[PDB]
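In what follows, a single structure is set out as structure tokens and then discussed.
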Ligand SMILES: [Zn+2]
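In the working numbering, the protein residues as written are 1 to 29.
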């Protein structure tokens, strides 16, 4: 199954980009 960022509900082609992408959520409000 694909991978969507429960944060920005953004989907990616790979979890990698997600895991990392999450690193950009360290401070997002
Ligand atoms: Zn996100």
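Using N, Cα and C, we set each Cβ at its ideal position, and we do this for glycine too.
Does the Cβ-Cβ distance between residue 4 and residue 13 come in under 8 angstroms? no
Per the DSSP calculation, residue 10 is bridged to which residue(s)? 5
Kindly indicate the opening and closing residues of the alpha helix (DSSP H) around residue 19. 15-22
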